[PDB]
Amino acid sequence: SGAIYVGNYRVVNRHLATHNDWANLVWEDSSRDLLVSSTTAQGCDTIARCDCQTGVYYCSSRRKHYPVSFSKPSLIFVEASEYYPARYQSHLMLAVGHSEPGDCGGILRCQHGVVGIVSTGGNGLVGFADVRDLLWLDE
Ligand SMILES: CCN(CC1CC1)C(=O)c1cccc(CC(=O)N2CCC[C@H](C(N)=O)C2)c1
Ligand SMILES: [Zn+2]
């Protein structure tokens, strides 16, 4: 679990979104596993606007942060789950690291701010849904 709070927005994994998230829906993209809902309180997270390929992520299944090198956002095959059939997930970045299902929502950060959130795992890889292209989160 986990979310990003920026301005009047809350960014979560689409497969973990709550009834409140869907009742205050701003935008969702099933191909990216993202959903953004509106909030009443102002969020203070800063979104990175960059092309970094190194950062640190929080891994809840180890209660630890790990430094990683990660790929550029791209269309990657992700196996079927109870939330989606087997499909191309877009804007996904992979790194070598530990990720179990409950790790979804952990934040990946670089020196510029929030880069994305854990969205996939397995096979000794961790995949992060990028949010750096969502320029509208800042206004
Ligand atoms: C090979 C079976 N296996 C390990 C099971 C745990 C024994 C996995 O598939 C597996 C392993 C670690 C993490 C995850 C989570 C994951 O990647 N998802 C599930 C939620 C939706 C995600 C998405 N963005 O489409 C995809 C799965
Ligand atoms: Zn950066």
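Residue numbers run from 1 in the order of the sequence given. In what follows, every heavy atom counts, from backbone to side chain, and hydrogens, waters and symmetry copies are set aside.
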If you group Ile, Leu, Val, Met, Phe, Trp and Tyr by side-chain heavy-atom gaps below 4.5 Å, do [X] and [Y] land in one group?
X	Y	result
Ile4	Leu134	yes
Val11	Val114	yes
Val126	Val78	no
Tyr58	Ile117	no
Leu94	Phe70	no

Quick one: do the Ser38 and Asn8 side chains pair a donor with an acceptor below 3.5 Å? no

Is a donor on one side and an acceptor on the other found under 3.5 Å between the side chain of [X] and the backbone of [Y]?
X	Y	answer
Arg132	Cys50	yes
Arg32	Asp130	yes
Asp103	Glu100	yes

Would you say that [X] contacts [Y] through its side chain, given a criterion of any heavy-atom pair below 4.5 Å between the two side chains?
X	Y	answer
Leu125	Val96	yes
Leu34	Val131	yes
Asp133	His91	yes
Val115	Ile107	no

Pair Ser37-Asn24, side chain to side chain donor-acceptor pair (under 3.5 Å): steps then yes or no: CA-CA 5 Å; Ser37 59; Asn24 292 283; over 6 Å; no

Could you tell me which non-hydrogen atom of [X] sits nearest to which non-hydrogen atom of [Y], and how far apart they are?
X	Y	value
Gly55	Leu108	C-CD1, 4.1 Å
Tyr84	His15	OH-N, 3.8 Å
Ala80	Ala86	CB-N, 3.5 Å
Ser99	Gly121	OG-CA, 3.5 Å

Can you tell me how far the [atom1] atom of [X] sits from the [atom2] atom of [Y], to the nearest 0.5 Å?
X	Y	atom1	atom2	result
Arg14	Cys104	CZ	SG	14.0 Å
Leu135	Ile47	CG	CD1	10.5 Å
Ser31	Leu75	OG	CG	7.5 Å
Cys52	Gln111	SG	CD	5.5 Å
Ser119	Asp33	OG	CG	3.5 Å
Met93	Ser71	CE	OG	7.5 Å

Test: side-chain hydrogen bond (donor to acceptor under 3.5 Å, both in side chains). Region: residues 39-56. Which pairs qualify, not counting sequence neighbours?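 Listed once each, the pairs are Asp45-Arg109, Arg49-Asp138.
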
Does anything in residues 107-129 form a ring pair (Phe, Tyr, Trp, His ring centres under 6.0 Å)? List the pairs, not counting sequence neighbours. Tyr57-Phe128

Not counting sequence neighbours, list each pair that qualifies as a ring pair (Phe, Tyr, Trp, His ring centres under 6.0 Å) and has a residue in residues 20-48.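 The answer is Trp27-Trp136.
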
Residue among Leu137, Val12, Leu25, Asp21 satisfying side chain to side chain contact (heavy atoms under 4.5 Å, CB included) with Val36: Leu137

Sequence neighbours left out, what passes salt bridge (charged side-chain N to carboxylate O under 4.0 Å, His left out) with [X]? Give chain and number order.
X	result
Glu79	none
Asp29	none
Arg87	none

Apply the test side chain to side chain contact (heavy atoms under 4.5 Å, CB included) to residues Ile76 and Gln89: give CA-CA distance (whole Å), side-chain angles for both, the deciding distance (0.1 Å), then the verdict. CA-CA 5 Å; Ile76 298 179; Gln89 170 159 330; 5.7 Å; no

